[PDB]
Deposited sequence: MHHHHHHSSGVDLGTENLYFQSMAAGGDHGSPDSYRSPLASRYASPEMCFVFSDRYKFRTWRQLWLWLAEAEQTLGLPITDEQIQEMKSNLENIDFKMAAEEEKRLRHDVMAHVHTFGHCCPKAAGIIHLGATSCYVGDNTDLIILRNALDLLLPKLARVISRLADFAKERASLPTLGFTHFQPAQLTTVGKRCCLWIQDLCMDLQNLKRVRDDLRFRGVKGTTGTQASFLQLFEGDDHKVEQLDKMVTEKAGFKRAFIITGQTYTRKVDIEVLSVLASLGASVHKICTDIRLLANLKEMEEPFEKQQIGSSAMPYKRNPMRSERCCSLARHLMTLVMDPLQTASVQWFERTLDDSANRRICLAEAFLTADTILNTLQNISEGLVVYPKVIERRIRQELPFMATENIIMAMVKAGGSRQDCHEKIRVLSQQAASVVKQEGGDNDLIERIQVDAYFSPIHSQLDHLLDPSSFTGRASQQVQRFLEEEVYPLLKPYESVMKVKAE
């Protein structure tokens, strides 16, 4: 009824995950509406350029763009075993006056391929502000936490202190590259236009009695009507399936970024340092994003393979595949960005869990700070280094062998050797003094790189 009977398989991307907006863009109502819209634009342009098409035929066509008899369309397709021709017949039935001029000069891909290009670009236009919003919410988080010291991890082992906001900027930088990629692909998408069966426009040239200029005009007119700046000069029957690679490749790369970000979030949730928005709390949304982002990456192999084995001016082995992977890649991407937005709005941070971890690990990373202090006081770097080695091993043994807390500072405190440095210990181990340039980097990044990127999307934040 809505997403269908439960007695048959229903894609989870439709019934469970994707927004109504993205679902509609990949719906048959939208597909077949656009087929008629393209047929109308064709008749309109053809009428202007002199072909015998009456205003009645245009008005009739224009008044039935939504008037789609799916039952009739289905029966015709069972009969003809051809989907475009099924719809040509069905459109001509409710438009009896224009029936004879519908699809005039065109091959099936005039509606099929141009609709897919309109769908791709409209789908890209849906993703962009959703991605932009996720980036803005994280940028707010990053700026807010820019100076909050946190344990750094390499090999997922204790490393030089970063900040929560600086770490957030690694996430933001990858998503920003995705925003630029998606925009580039949307902006550079070209219209197939009117090209004919094998790309030569032979049909249209005959209809215009050899007038090459009128053929070029028609192609320009339908392109403009479709809202595209530019059409291919060169096609076979179809737009080059290299286009489908370009689109799904940028979505795949977005998948990898989201999977990385959400893996980091899941690890922070184990560490109790950060948690998804409101005893056992599971980072289920981040896990979902990983799950769906993995499918995005997997799907890139479909268009790669498809384009690689397209023979000459077209083989029809692209069709069933594209029905699946194009829609599912955008429905998957839509779901991910909707969820990441929801995650990024109220990430819970626990400063005192973060501080406890730093206090347990920083003493082992601060030994050169201690030597420097003792040497400046007039001690020996060689004598000091030995003393710290032993006390550090003692502390390490407590942590590993006994499961105790790190007591290195306490050992240094009660050892008389470090007499000239006892009053400095609190300053020397101040975690903010160990975070390098993290806060200055966050500011400069957001200002120079992030905010300029977001400016176009302020309207819808």
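Residues of the deposited sequence that lack C-alpha coordinates fall in the stretches 1-26, 305-315, 499-503.
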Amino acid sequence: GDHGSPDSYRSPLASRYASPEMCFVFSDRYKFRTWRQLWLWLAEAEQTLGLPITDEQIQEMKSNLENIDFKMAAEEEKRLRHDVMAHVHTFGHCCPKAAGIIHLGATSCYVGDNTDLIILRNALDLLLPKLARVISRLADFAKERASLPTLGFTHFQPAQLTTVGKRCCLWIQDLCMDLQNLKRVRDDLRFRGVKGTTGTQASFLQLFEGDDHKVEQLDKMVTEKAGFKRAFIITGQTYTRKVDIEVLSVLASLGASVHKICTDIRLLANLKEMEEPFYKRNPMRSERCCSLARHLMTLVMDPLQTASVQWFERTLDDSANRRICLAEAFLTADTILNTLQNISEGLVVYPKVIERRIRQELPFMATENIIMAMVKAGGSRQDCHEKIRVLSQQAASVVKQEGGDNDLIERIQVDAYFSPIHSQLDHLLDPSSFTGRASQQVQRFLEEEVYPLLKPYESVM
From here on, numbers count along this sequence of modelled residues.
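Of the two stretches examined, 379-387 and 320-328, the record assigns the greater average C-alpha temperature factor to 379-387. Each of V164, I265, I234, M72 has a CA temperature factor in the record; the biggest one is found at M72. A106 sits in the middle third of its chain by CA B factor, as recorded in the PDB entry. Sorting the modelled residues of the chain by their CA temperature factor places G100 in the highest third. Annotation for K78: C-alpha temperature factor in the highest third relative to the rest of the modelled chain, per the entry. Among all modelled residues in this chain, the alpha-carbon of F434 has a temperature factor (C-alpha) in the lowest third. Per-chain ranking of the deposited C-alpha B factor places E345 in the highest third.
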